[PDB]
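Colleague: Following this message is one structure expressed as structure tokens.
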Amino acid sequence: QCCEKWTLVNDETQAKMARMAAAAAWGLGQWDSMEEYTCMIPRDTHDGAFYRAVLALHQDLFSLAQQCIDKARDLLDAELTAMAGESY
């Protein structure tokens, strides 16, 4: 479904696609496809950091990887500090 529909799609829908497209490429182990999709994910999201952090480790960029993991945790503050208060 990803490969068929890119040029047919808008930039709003593009950003809601890549989180699933990268997951899919990663699942299938096709790393060229995975790099294209991961760039389309926004940097401000938890996932955006995480998928850059994976493509860091496949290409062996451990300083860059470690940066992205910490940046990912920083963005996960908001999500945990929301839901951790009321119930585990």
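Ordering of the structure tokens sets the chain letters (A, B, ...); residue numbers start at 1 within each chain; ligands are numbered from 1 in the order shown.
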Determine, counting only C-alpha atoms, which protein, DNA and RNA residues have an atom within 12 Å of an atom of residue 70 (chain A); residues of the same chain fewer than 3 positions away are not included. Present the result as a list in words.
Modeller: residues 46, 49, 50, 52, 53, 63, 64, 65, 66, 67, 73, 74, 75, 76 and 77 of chain A
Colleague: For C-alpha atoms, I'd like the residues from the last selection saved as an mmCIF file, in the first residue's frame.
Modeller:
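Result file part.cif:
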data_model
loop_
_atom_site.group_PDB
_atom_site.id
_atom_site.type_symbol
_atom_site.label_atom_id
_atom_site.label_comp_id
_atom_site.auth_asym_id
_atom_site.auth_seq_id
_atom_site.Cartn_x
_atom_site.Cartn_y
_atom_site.Cartn_z
ATOM 1 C CA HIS A 46 8.822 10.431 19.799
ATOM 2 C CA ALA A 49 13.634 10.242 16.910
ATOM 3 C CA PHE A 50 13.313 6.466 17.333
ATOM 4 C CA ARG A 52 16.368 7.890 12.974
ATOM 5 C CA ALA A 53 17.938 6.121 15.974
ATOM 6 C CA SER A 63 27.336 8.914 18.535
ATOM 7 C CA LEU A 64 24.464 9.979 16.273
ATOM 8 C CA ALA A 65 22.410 7.002 17.539
ATOM 9 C CA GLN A 66 22.946 7.887 21.191
ATOM 10 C CA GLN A 67 21.946 11.521 20.431
ATOM 11 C CA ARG A 73 13.503 10.127 25.714
ATOM 12 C CA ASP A 74 13.245 13.930 25.952
ATOM 13 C CA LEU A 75 10.138 13.826 23.737
ATOM 14 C CA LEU A 76 8.757 10.847 25.734
ATOM 15 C CA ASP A 77 8.789 13.087 28.897
#
Colleague: So which bits of chain A end up helix (DSSP H, G or I) when you DSSP the backbone, as a PDB file with N, CA and C atoms, in the first residue's frame?
Modeller:
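The result, stored in out_35.pdb:
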ATOM      1  N   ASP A  11       0.767  16.148   1.543  1.00  0.00           N
ATOM      2  CA  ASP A  11       1.800  16.278   2.589  1.00  0.00           C
ATOM      3  C   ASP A  11       1.286  16.140   4.037  1.00  0.00           C
ATOM      4  N   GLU A  12      -0.017  16.341   4.261  1.00  0.00           N
ATOM      5  CA  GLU A  12      -0.634  16.107   5.583  1.00  0.00           C
ATOM      6  C   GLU A  12      -0.726  14.609   5.851  1.00  0.00           C
ATOM      7  N   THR A  13      -1.268  13.898   4.864  1.00  0.00           N
ATOM      8  CA  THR A  13      -1.374  12.436   4.869  1.00  0.00           C
ATOM      9  C   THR A  13       0.009  11.752   4.819  1.00  0.00           C
ATOM     10  N   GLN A  14       0.979  12.403   4.171  1.00  0.00           N
ATOM     11  CA  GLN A  14       2.380  11.937   4.102  1.00  0.00           C
ATOM     12  C   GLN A  14       3.001  11.679   5.476  1.00  0.00           C
ATOM     13  N   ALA A  15       2.803  12.625   6.395  1.00  0.00           N
ATOM     14  CA  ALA A  15       3.339  12.543   7.761  1.00  0.00           C
ATOM     15  C   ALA A  15       2.631  11.498   8.633  1.00  0.00           C
ATOM     16  N   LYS A  16       1.356  11.233   8.345  1.00  0.00           N
ATOM     17  CA  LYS A  16       0.602  10.154   9.006  1.00  0.00           C
ATOM     18  C   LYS A  16       0.862   8.761   8.404  1.00  0.00           C
ATOM     19  N   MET A  17       1.605   8.713   7.298  1.00  0.00           N
ATOM     20  CA  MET A  17       1.929   7.480   6.580  1.00  0.00           C
ATOM     21  C   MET A  17       3.245   6.852   7.035  1.00  0.00           C
ATOM     22  N   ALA A  18       4.282   7.684   7.150  1.00  0.00           N
ATOM     23  CA  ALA A  18       5.673   7.217   7.281  1.00  0.00           C
ATOM     24  C   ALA A  18       5.977   6.370   8.531  1.00  0.00           C
ATOM     25  N   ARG A  19       5.322   6.684   9.647  1.00  0.00           N
ATOM     26  CA  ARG A  19       5.439   5.893  10.885  1.00  0.00           C
ATOM     27  C   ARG A  19       5.050   4.433  10.676  1.00  0.00           C
ATOM     28  N   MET A  20       4.075   4.206   9.800  1.00  0.00           N
ATOM     29  CA  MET A  20       3.655   2.863   9.413  1.00  0.00           C
ATOM     30  C   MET A  20       4.499   2.303   8.273  1.00  0.00           C
ATOM     31  N   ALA A  21       4.933   3.170   7.362  1.00  0.00           N
ATOM     32  CA  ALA A  21       5.778   2.758   6.236  1.00  0.00           C
ATOM     33  C   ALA A  21       7.184   2.319   6.662  1.00  0.00           C
ATOM     34  N   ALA A  22       7.784   3.046   7.609  1.00  0.00           N
ATOM     35  CA  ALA A  22       9.110   2.700   8.144  1.00  0.00           C
ATOM     36  C   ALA A  22       9.055   1.395   8.924  1.00  0.00           C
ATOM     37  N   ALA A  23       8.087   1.298   9.831  1.00  0.00           N
ATOM     38  CA  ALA A  23       7.781   0.048  10.533  1.00  0.00           C
ATOM     39  C   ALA A  23       7.682  -1.136   9.572  1.00  0.00           C
ATOM     40  N   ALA A  24       7.021  -0.906   8.442  1.00  0.00           N
ATOM     41  CA  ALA A  24       6.841  -1.920   7.418  1.00  0.00           C
ATOM     42  C   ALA A  24       8.133  -2.284   6.712  1.00  0.00           C
ATOM     43  N   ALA A  25       8.932  -1.280   6.351  1.00  0.00           N
ATOM     44  CA  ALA A  25      10.222  -1.517   5.685  1.00  0.00           C
ATOM     45  C   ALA A  25      11.171  -2.269   6.604  1.00  0.00           C
ATOM     46  N   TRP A  26      11.284  -1.766   7.830  1.00  0.00           N
ATOM     47  CA  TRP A  26      12.056  -2.389   8.914  1.00  0.00           C
ATOM     48  C   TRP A  26      11.649  -3.842   9.156  1.00  0.00           C
ATOM     49  N   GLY A  27      10.339  -4.083   9.196  1.00  0.00           N
ATOM     50  CA  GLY A  27       9.778  -5.427   9.306  1.00  0.00           C
ATOM     51  C   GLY A  27      10.206  -6.332   8.169  1.00  0.00           C
ATOM     52  N   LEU A  28      10.147  -5.813   6.944  1.00  0.00           N
ATOM     53  CA  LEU A  28      10.590  -6.557   5.756  1.00  0.00           C
ATOM     54  C   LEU A  28      12.109  -6.565   5.549  1.00  0.00           C
ATOM     55  N   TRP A  31      16.211  -1.765   3.757  1.00  0.00           N
ATOM     56  CA  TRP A  31      16.753  -0.580   4.433  1.00  0.00           C
ATOM     57  C   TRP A  31      16.809   0.691   3.579  1.00  0.00           C
ATOM     58  N   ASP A  32      16.847   0.546   2.255  1.00  0.00           N
ATOM     59  CA  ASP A  32      16.807   1.704   1.346  1.00  0.00           C
ATOM     60  C   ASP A  32      15.461   2.420   1.429  1.00  0.00           C
ATOM     61  N   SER A  33      14.391   1.632   1.331  1.00  0.00           N
ATOM     62  CA  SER A  33      13.017   2.110   1.518  1.00  0.00           C
ATOM     63  C   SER A  33      12.822   2.784   2.876  1.00  0.00           C
ATOM     64  N   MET A  34      13.384   2.174   3.922  1.00  0.00           N
ATOM     65  CA  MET A  34      13.244   2.666   5.297  1.00  0.00           C
ATOM     66  C   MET A  34      13.822   4.063   5.503  1.00  0.00           C
ATOM     67  N   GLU A  35      14.919   4.371   4.812  1.00  0.00           N
ATOM     68  CA  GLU A  35      15.561   5.683   4.927  1.00  0.00           C
ATOM     69  C   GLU A  35      14.701   6.807   4.335  1.00  0.00           C
ATOM     70  N   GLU A  36      14.095   6.546   3.174  1.00  0.00           N
ATOM     71  CA  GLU A  36      13.182   7.498   2.519  1.00  0.00           C
ATOM     72  C   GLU A  36      12.021   7.884   3.424  1.00  0.00           C
ATOM     73  N   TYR A  37      11.394   6.874   4.018  1.00  0.00           N
ATOM     74  CA  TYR A  37      10.198   7.076   4.833  1.00  0.00           C
ATOM     75  C   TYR A  37      10.513   7.813   6.127  1.00  0.00           C
ATOM     76  N   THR A  38      11.590   7.404   6.793  1.00  0.00           N
ATOM     77  CA  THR A  38      11.963   7.965   8.093  1.00  0.00           C
ATOM     78  C   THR A  38      12.224   9.480   8.043  1.00  0.00           C
ATOM     79  N   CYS A  39      12.797   9.968   6.941  1.00  0.00           N
ATOM     80  CA  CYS A  39      12.980  11.419   6.732  1.00  0.00           C
ATOM     81  C   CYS A  39      11.664  12.215   6.699  1.00  0.00           C
ATOM     82  N   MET A  40      10.600  11.588   6.196  1.00  0.00           N
ATOM     83  CA  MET A  40       9.277  12.219   6.118  1.00  0.00           C
ATOM     84  C   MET A  40       8.587  12.347   7.480  1.00  0.00           C
ATOM     85  N   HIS A  46       8.086  11.548  19.200  1.00  0.00           N
ATOM     86  CA  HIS A  46       8.822  10.431  19.799  1.00  0.00           C
ATOM     87  C   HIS A  46       9.329   9.451  18.737  1.00  0.00           C
ATOM     88  N   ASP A  47       8.422   9.025  17.860  1.00  0.00           N
ATOM     89  CA  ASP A  47       8.727   8.058  16.794  1.00  0.00           C
ATOM     90  C   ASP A  47       9.782   8.547  15.813  1.00  0.00           C
ATOM     91  N   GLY A  48       9.695   9.814  15.428  1.00  0.00           N
ATOM     92  CA  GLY A  48      10.677  10.426  14.531  1.00  0.00           C
ATOM     93  C   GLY A  48      12.115  10.296  15.000  1.00  0.00           C
ATOM     94  N   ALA A  49      12.321  10.442  16.304  1.00  0.00           N
ATOM     95  CA  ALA A  49      13.634  10.242  16.910  1.00  0.00           C
ATOM     96  C   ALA A  49      14.042   8.767  16.876  1.00  0.00           C
ATOM     97  N   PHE A  50      13.098   7.908  17.255  1.00  0.00           N
ATOM     98  CA  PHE A  50      13.313   6.466  17.333  1.00  0.00           C
ATOM     99  C   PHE A  50      13.747   5.843  16.010  1.00  0.00           C
ATOM    100  N   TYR A  51      13.070   6.183  14.913  1.00  0.00           N
ATOM    101  CA  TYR A  51      13.389   5.598  13.600  1.00  0.00           C
ATOM    102  C   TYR A  51      14.694   6.127  13.008  1.00  0.00           C
ATOM    103  N   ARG A  52      15.038   7.376  13.301  1.00  0.00           N
ATOM    104  CA  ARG A  52      16.368   7.890  12.974  1.00  0.00           C
ATOM    105  C   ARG A  52      17.409   7.154  13.804  1.00  0.00           C
ATOM    106  N   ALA A  53      17.072   6.885  15.067  1.00  0.00           N
ATOM    107  CA  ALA A  53      17.938   6.121  15.974  1.00  0.00           C
ATOM    108  C   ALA A  53      18.191   4.663  15.544  1.00  0.00           C
ATOM    109  N   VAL A  54      17.262   4.081  14.794  1.00  0.00           N
ATOM    110  CA  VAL A  54      17.429   2.737  14.243  1.00  0.00           C
ATOM    111  C   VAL A  54      18.290   2.786  12.994  1.00  0.00           C
ATOM    112  N   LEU A  55      17.969   3.700  12.083  1.00  0.00           N
ATOM    113  CA  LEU A  55      18.792   3.916  10.888  1.00  0.00           C
ATOM    114  C   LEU A  55      20.177   4.450  11.213  1.00  0.00           C
ATOM    115  N   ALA A  56      20.351   4.966  12.425  1.00  0.00           N
ATOM    116  CA  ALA A  56      21.675   5.229  12.954  1.00  0.00           C
ATOM    117  C   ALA A  56      22.441   3.907  13.170  1.00  0.00           C
ATOM    118  N   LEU A  57      21.811   2.959  13.866  1.00  0.00           N
ATOM    119  CA  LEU A  57      22.447   1.669  14.198  1.00  0.00           C
ATOM    120  C   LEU A  57      22.639   0.686  13.043  1.00  0.00           C
ATOM    121  N   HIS A  58      21.812   0.763  12.004  1.00  0.00           N
ATOM    122  CA  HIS A  58      22.016  -0.073  10.815  1.00  0.00           C
ATOM    123  C   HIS A  58      23.224   0.406   9.987  1.00  0.00           C
ATOM    124  N   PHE A  62      27.041   5.462  16.073  1.00  0.00           N
ATOM    125  CA  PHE A  62      26.688   5.283  17.491  1.00  0.00           C
ATOM    126  C   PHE A  62      26.591   6.591  18.287  1.00  0.00           C
ATOM    127  N   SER A  63      27.440   7.567  17.958  1.00  0.00           N
ATOM    128  CA  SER A  63      27.336   8.914  18.535  1.00  0.00           C
ATOM    129  C   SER A  63      26.014   9.561  18.133  1.00  0.00           C
ATOM    130  N   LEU A  64      25.730   9.502  16.832  1.00  0.00           N
ATOM    131  CA  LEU A  64      24.464   9.979  16.273  1.00  0.00           C
ATOM    132  C   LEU A  64      23.286   9.194  16.833  1.00  0.00           C
ATOM    133  N   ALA A  65      23.447   7.876  16.967  1.00  0.00           N
ATOM    134  CA  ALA A  65      22.410   7.002  17.539  1.00  0.00           C
ATOM    135  C   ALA A  65      22.065   7.397  18.962  1.00  0.00           C
ATOM    136  N   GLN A  66      23.102   7.520  19.786  1.00  0.00           N
ATOM    137  CA  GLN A  66      22.946   7.887  21.191  1.00  0.00           C
ATOM    138  C   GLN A  66      22.254   9.251  21.350  1.00  0.00           C
ATOM    139  N   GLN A  67      22.621  10.212  20.495  1.00  0.00           N
ATOM    140  CA  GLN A  67      21.946  11.521  20.431  1.00  0.00           C
ATOM    141  C   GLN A  67      20.446  11.362  20.251  1.00  0.00           C
ATOM    142  N   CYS A  68      20.083  10.579  19.243  1.00  0.00           N
ATOM    143  CA  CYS A  68      18.688  10.367  18.874  1.00  0.00           C
ATOM    144  C   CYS A  68      17.867   9.632  19.937  1.00  0.00           C
ATOM    145  N   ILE A  69      18.492   8.680  20.635  1.00  0.00           N
ATOM    146  CA  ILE A  69      17.833   7.962  21.740  1.00  0.00           C
ATOM    147  C   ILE A  69      17.521   8.928  22.884  1.00  0.00           C
ATOM    148  N   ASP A  70      18.483   9.779  23.227  1.00  0.00           N
ATOM    149  CA  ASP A  70      18.272  10.780  24.277  1.00  0.00           C
ATOM    150  C   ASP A  70      17.223  11.813  23.863  1.00  0.00           C
ATOM    151  N   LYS A  71      17.325  12.296  22.629  1.00  0.00           N
ATOM    152  CA  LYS A  71      16.287  13.148  22.042  1.00  0.00           C
ATOM    153  C   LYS A  71      14.916  12.477  22.044  1.00  0.00           C
ATOM    154  N   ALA A  72      14.882  11.166  21.817  1.00  0.00           N
ATOM    155  CA  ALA A  72      13.637  10.395  21.895  1.00  0.00           C
ATOM    156  C   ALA A  72      13.049  10.373  23.309  1.00  0.00           C
ATOM    157  N   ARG A  73      13.901  10.093  24.298  1.00  0.00           N
ATOM    158  CA  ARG A  73      13.503  10.127  25.714  1.00  0.00           C
ATOM    159  C   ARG A  73      12.974  11.490  26.131  1.00  0.00           C
ATOM    160  N   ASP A  74      13.659  12.545  25.686  1.00  0.00           N
ATOM    161  CA  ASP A  74      13.245  13.930  25.952  1.00  0.00           C
ATOM    162  C   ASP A  74      11.819  14.193  25.476  1.00  0.00           C
ATOM    163  N   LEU A  75      11.481  13.671  24.301  1.00  0.00           N
ATOM    164  CA  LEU A  75      10.138  13.826  23.737  1.00  0.00           C
ATOM    165  C   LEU A  75       9.109  12.891  24.397  1.00  0.00           C
ATOM    166  N   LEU A  76       9.580  11.762  24.927  1.00  0.00           N
ATOM    167  CA  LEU A  76       8.757  10.847  25.734  1.00  0.00           C
ATOM    168  C   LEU A  76       8.423  11.370  27.156  1.00  0.00           C
ATOM    169  N   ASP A  77       9.137  12.397  27.635  1.00  0.00           N
ATOM    170  CA  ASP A  77       8.789  13.087  28.897  1.00  0.00           C
ATOM    171  C   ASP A  77       7.308  13.446  28.923  1.00  0.00           C
ATOM    172  N   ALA A  78       6.891  14.193  27.902  1.00  0.00           N
ATOM    173  CA  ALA A  78       5.528  14.701  27.779  1.00  0.00           C
ATOM    174  C   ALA A  78       4.470  13.596  27.850  1.00  0.00           C
ATOM    175  N   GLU A  79       4.756  12.464  27.209  1.00  0.00           N
ATOM    176  CA  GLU A  79       3.808  11.349  27.124  1.00  0.00           C
ATOM    177  C   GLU A  79       3.695  10.567  28.439  1.00  0.00           C
ATOM    178  N   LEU A  80       4.828  10.360  29.116  1.00  0.00           N
ATOM    179  CA  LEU A  80       4.850   9.699  30.438  1.00  0.00           C
ATOM    180  C   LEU A  80       4.320  10.618  31.539  1.00  0.00           C
ATOM    181  N   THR A  81       4.823  11.852  31.572  1.00  0.00           N
ATOM    182  CA  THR A  81       4.373  12.872  32.531  1.00  0.00           C
ATOM    183  C   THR A  81       2.874  13.214  32.373  1.00  0.00           C
ATOM    184  N   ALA A  82       2.275  12.860  31.235  1.00  0.00           N
ATOM    185  CA  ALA A  82       0.820  12.912  31.082  1.00  0.00           C
ATOM    186  C   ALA A  82       0.156  11.734  31.798  1.00  0.00           C
ATOM    187  N   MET A  83       0.465  10.525  31.332  1.00  0.00           N
ATOM    188  CA  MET A  83      -0.289   9.311  31.699  1.00  0.00           C
ATOM    189  C   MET A  83       0.142   8.623  32.999  1.00  0.00           C
TER     190      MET A  83
END
Colleague: Could you work out how far CA of residue 60 (chain A) lies from CA of residue 30 (chain A), giving the answer in Å with one decimal?
Modeller: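 Distance between the two atoms: 16.3 Å.
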